[PDB]
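What follows is the content of upload_3.cif, which has mmCIF, N, CA, C and O atoms; chains and numbers go by the auth columns:
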data_model
loop_
_atom_site.group_PDB
_atom_site.id
_atom_site.type_symbol
_atom_site.label_atom_id
_atom_site.label_comp_id
_atom_site.label_asym_id
_atom_site.label_seq_id
_atom_site.Cartn_x
_atom_site.Cartn_y
_atom_site.Cartn_z
_atom_site.B_iso_or_equiv
_atom_site.auth_seq_id
_atom_site.auth_asym_id
ATOM 1 N N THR A 1 136.946 72.076 139.968 0.00 1 D
ATOM 2 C CA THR A 1 136.020 72.039 139.195 0.00 1 D
ATOM 3 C C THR A 1 136.416 71.775 137.921 0.00 1 D
ATOM 4 O O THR A 1 135.786 71.250 137.192 0.00 1 D
ATOM 5 N N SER A 2 137.459 72.152 137.692 0.00 2 D
ATOM 6 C CA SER A 2 137.947 71.962 136.519 0.00 2 D
ATOM 7 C C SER A 2 138.319 70.636 136.380 0.00 2 D
ATOM 8 O O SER A 2 138.634 70.276 135.465 0.00 2 D
ATOM 9 N N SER A 3 138.273 69.944 137.304 0.00 3 D
ATOM 10 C CA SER A 3 138.602 68.665 137.297 0.00 3 D
ATOM 11 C C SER A 3 137.470 67.865 136.875 0.00 3 D
ATOM 12 O O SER A 3 137.561 66.849 136.586 0.00 3 D
ATOM 13 N N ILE A 4 136.429 68.351 136.855 0.00 4 D
ATOM 14 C CA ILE A 4 135.281 67.693 136.474 0.00 4 D
ATOM 15 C C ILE A 4 135.139 67.716 135.025 0.00 4 D
ATOM 16 O O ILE A 4 134.960 66.732 134.418 0.00 4 D
ATOM 17 N N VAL A 5 135.223 68.848 134.514 0.00 5 D
ATOM 18 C CA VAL A 5 135.106 69.012 133.148 0.00 5 D
ATOM 19 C C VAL A 5 135.947 68.091 132.507 0.00 5 D
ATOM 20 O O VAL A 5 135.545 67.495 131.653 0.00 5 D
ATOM 21 N N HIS A 6 137.098 68.001 132.944 0.00 6 D
ATOM 22 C CA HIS A 6 137.997 67.163 132.424 0.00 6 D
ATOM 23 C C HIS A 6 137.431 65.831 132.304 0.00 6 D
ATOM 24 O O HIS A 6 137.379 65.308 131.301 0.00 6 D
ATOM 25 N N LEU A 7 137.020 65.320 133.339 0.00 7 D
ATOM 26 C CA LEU A 7 136.460 64.060 133.361 0.00 7 D
ATOM 27 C C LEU A 7 135.261 64.056 132.490 0.00 7 D
ATOM 28 O O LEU A 7 134.949 63.371 131.997 0.00 7 D
ATOM 29 N N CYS A 8 134.623 64.829 132.327 0.00 8 D
ATOM 30 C CA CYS A 8 133.465 64.924 131.524 0.00 8 D
ATOM 31 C C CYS A 8 133.834 64.770 130.088 0.00 8 D
ATOM 32 O O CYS A 8 133.375 63.884 129.426 0.00 8 D
ATOM 33 N N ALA A 9 134.659 65.646 129.648 0.00 9 D
ATOM 34 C CA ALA A 9 135.094 65.618 128.302 0.00 9 D
ATOM 35 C C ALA A 9 135.479 64.244 127.964 0.00 9 D
ATOM 36 O O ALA A 9 134.973 63.682 127.052 0.00 9 D
ATOM 37 N N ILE A 10 136.373 63.743 128.717 0.00 10 D
ATOM 38 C CA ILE A 10 136.833 62.445 128.508 0.00 10 D
ATOM 39 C C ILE A 10 135.701 61.529 128.300 0.00 10 D
ATOM 40 O O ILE A 10 135.646 60.830 127.368 0.00 10 D
ATOM 41 N N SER A 11 134.825 61.562 129.185 0.00 11 D
ATOM 42 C CA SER A 11 133.699 60.744 129.111 0.00 11 D
ATOM 43 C C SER A 11 132.686 61.280 128.157 0.00 11 D
ATOM 44 O O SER A 11 131.811 60.988 128.104 0.00 11 D
ATOM 45 N N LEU A 12 132.839 62.053 127.430 0.00 12 D
ATOM 46 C CA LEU A 12 131.950 62.632 126.482 0.00 12 D
ATOM 47 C C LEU A 12 132.158 62.041 125.121 0.00 12 D
ATOM 48 O O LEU A 12 131.321 61.562 124.519 0.00 12 D
ATOM 49 N N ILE A 13 133.278 62.091 124.678 0.00 13 D
ATOM 50 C CA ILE A 13 133.606 61.565 123.401 0.00 13 D
ATOM 51 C C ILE A 13 133.207 60.151 123.330 0.00 13 D
ATOM 52 O O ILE A 13 132.400 59.776 122.530 0.00 13 D
ATOM 53 N N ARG A 14 133.793 59.405 124.178 0.00 14 D
ATOM 54 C CA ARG A 14 133.508 58.040 124.222 0.00 14 D
ATOM 55 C C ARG A 14 132.049 57.817 124.242 0.00 14 D
ATOM 56 O O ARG A 14 131.573 56.837 123.775 0.00 14 D
ATOM 57 N N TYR A 15 131.379 58.743 124.787 0.00 15 D
ATOM 58 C CA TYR A 15 129.983 58.660 124.874 0.00 15 D
ATOM 59 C C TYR A 15 129.285 59.502 123.890 0.00 15 D
ATOM 60 O O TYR A 15 128.269 59.940 124.104 0.00 15 D
ATOM 61 N N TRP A 16 129.856 59.702 122.832 0.00 16 D
ATOM 62 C CA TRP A 16 129.301 60.483 121.814 0.00 16 D
ATOM 63 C C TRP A 16 128.526 59.563 120.942 0.00 16 D
ATOM 64 O O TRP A 16 127.894 59.336 120.910 0.00 16 D
ATOM 65 N N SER A 17 128.601 59.059 120.255 0.00 17 D
ATOM 66 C CA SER A 17 127.915 58.169 119.384 0.00 17 D
ATOM 67 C C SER A 17 126.798 57.494 120.103 0.00 17 D
ATOM 68 O O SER A 17 126.702 56.338 120.118 0.00 17 D
ATOM 69 N N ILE A 18 125.981 58.243 120.682 0.00 18 D
ATOM 70 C CA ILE A 18 124.874 57.732 121.400 0.00 18 D
ATOM 71 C C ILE A 18 123.772 58.729 121.395 0.00 18 D
ATOM 72 O O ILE A 18 122.626 58.400 121.170 0.00 18 D
ATOM 73 N N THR A 19 124.157 59.929 121.646 0.00 19 D
ATOM 74 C CA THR A 19 123.216 60.976 121.673 0.00 19 D
ATOM 75 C C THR A 19 122.392 61.000 120.444 0.00 19 D
ATOM 76 O O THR A 19 121.206 61.159 120.456 0.00 19 D
ATOM 77 N N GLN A 20 123.052 60.841 119.412 0.00 20 D
ATOM 78 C CA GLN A 20 122.395 60.843 118.178 0.00 20 D
ATOM 79 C C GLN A 20 121.184 60.004 118.199 0.00 20 D
ATOM 80 O O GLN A 20 120.202 60.261 117.571 0.00 20 D
ATOM 81 N N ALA A 21 121.294 59.020 118.925 0.00 21 D
ATOM 82 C CA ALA A 21 120.219 58.142 119.036 0.00 21 D
ATOM 83 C C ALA A 21 119.623 58.263 120.306 0.00 21 D
ATOM 84 O O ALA A 21 119.422 57.648 120.777 0.00 21 D
ATOM 85 N N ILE A 22 119.359 59.057 120.824 0.00 22 D
ATOM 86 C CA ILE A 22 118.790 59.265 122.031 0.00 22 D
ATOM 87 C C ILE A 22 117.526 59.783 121.801 0.00 22 D
ATOM 88 O O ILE A 22 116.625 59.271 122.193 0.00 22 D
ATOM 89 N N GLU A 23 117.500 60.792 121.167 0.00 23 D
ATOM 90 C CA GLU A 23 116.362 61.384 120.880 0.00 23 D
ATOM 91 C C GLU A 23 115.669 60.856 119.760 0.00 23 D
ATOM 92 O O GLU A 23 114.658 60.558 119.819 0.00 23 D
ATOM 93 N N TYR A 24 116.241 60.754 118.768 0.00 24 D
ATOM 94 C CA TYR A 24 115.691 60.268 117.637 0.00 24 D
ATOM 95 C C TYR A 24 115.059 59.178 117.929 0.00 24 D
ATOM 96 O O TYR A 24 114.042 59.030 117.491 0.00 24 D
ATOM 97 N N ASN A 25 115.689 58.445 118.669 0.00 25 D
ATOM 98 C CA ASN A 25 115.202 57.374 119.026 0.00 25 D
ATOM 99 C C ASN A 25 114.167 57.560 119.695 0.00 25 D
ATOM 100 O O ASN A 25 113.439 57.036 119.487 0.00 25 D
ATOM 101 N N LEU A 26 114.134 58.307 120.488 0.00 26 D
ATOM 102 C CA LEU A 26 113.201 58.569 121.190 0.00 26 D
ATOM 103 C C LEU A 26 112.318 58.913 120.477 0.00 26 D
ATOM 104 O O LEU A 26 111.712 58.935 120.634 0.00 26 D
ATOM 105 N N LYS A 27 112.275 59.175 119.710 0.00 27 D
ATOM 106 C CA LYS A 27 111.477 59.518 118.973 0.00 27 D
ATOM 107 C C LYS A 27 111.505 59.308 117.783 0.00 27 D
ATOM 108 O O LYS A 27 111.745 59.465 117.339 0.00 27 D
ATOM 109 N N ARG A 28 111.258 58.957 117.302 0.00 28 D
ATOM 110 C CA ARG A 28 111.252 58.724 116.172 0.00 28 D
ATOM 111 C C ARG A 28 110.459 58.845 115.688 0.00 28 D
ATOM 112 O O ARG A 28 109.910 58.603 116.071 0.00 28 D
ATOM 113 N N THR A 29 110.423 59.216 114.853 0.00 29 D
ATOM 114 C CA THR A 29 109.705 59.370 114.311 0.00 29 D
ATOM 115 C C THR A 29 109.706 59.599 113.383 0.00 29 D
ATOM 116 O O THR A 29 109.817 59.891 113.080 0.00 29 D
ATOM 117 N N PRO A 30 109.575 59.453 112.946 0.00 30 D
ATOM 118 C CA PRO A 30 109.558 59.639 112.058 0.00 30 D
ATOM 119 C C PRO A 30 109.192 60.194 111.498 0.00 30 D
ATOM 120 O O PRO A 30 108.853 60.233 111.541 0.00 30 D
ATOM 121 N N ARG A 31 109.274 60.610 110.984 0.00 31 D
ATOM 122 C CA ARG A 31 108.955 61.161 110.416 0.00 31 D
ATOM 123 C C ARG A 31 108.859 61.203 109.860 0.00 31 D
ATOM 124 O O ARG A 31 109.200 61.122 109.768 0.00 31 D
ATOM 125 N N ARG A 32 108.391 61.329 109.505 0.00 32 D
ATOM 126 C CA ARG A 32 108.245 61.382 108.962 0.00 32 D
ATOM 127 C C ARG A 32 107.978 61.506 108.694 0.00 32 D
ATOM 128 O O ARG A 32 107.911 61.541 108.654 0.00 32 D
#

How does the structure come out when it is put into structure tokens?
Amino acid sequence: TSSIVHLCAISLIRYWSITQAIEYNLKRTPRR
């Protein structure tokens, strides 16, 4: 299991700069 996490983490960072825009995006809104 721990082997997963591992893989996850790895794949997390690289996949970081996205979340930010996930929702926001999703929404957006703006808001505003």

Find the smallest box with edges along x, y and z containing every listed atom of range 7-13 of chain D, then add 5 Å on each side and report centre and edge lengths in Å to one decimal, as JSON.
{"center_x": 134.2, "center_y": 62.7, "center_z": 127.9, "size_x": 15.7, "size_y": 15.9, "size_z": 20.8}

> CA of residue 1 in chain D and CA of residue 17 in chain D, how far apart in Å?
Replying inline: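 One can read the CA of residue 17 in chain D to CA of residue 1 in chain D distance as 25.5 Å.
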
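Taking atom O of residue 19 in chain D and atom N of residue 5 in chain D as endpoints, the distance between them is 21.3 Å.
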
> What is the distance between atom N of residue 21 in chain D and CA of residue 4 in chain D, in Å to one decimal?
Replying inline: 24.1 Å

>> Could you go through chain D and tell me which residues DSSP, when run on the backbone, assigns to helix (DSSP H, G or I), listing them as a list in words?
In response: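 Those residues are residues 2, 3, 4, 5, 6, 7, 8, 9, 10, 11, 12, 13, 20, 21, 22, 23, 24, 25 and 26 of chain D.
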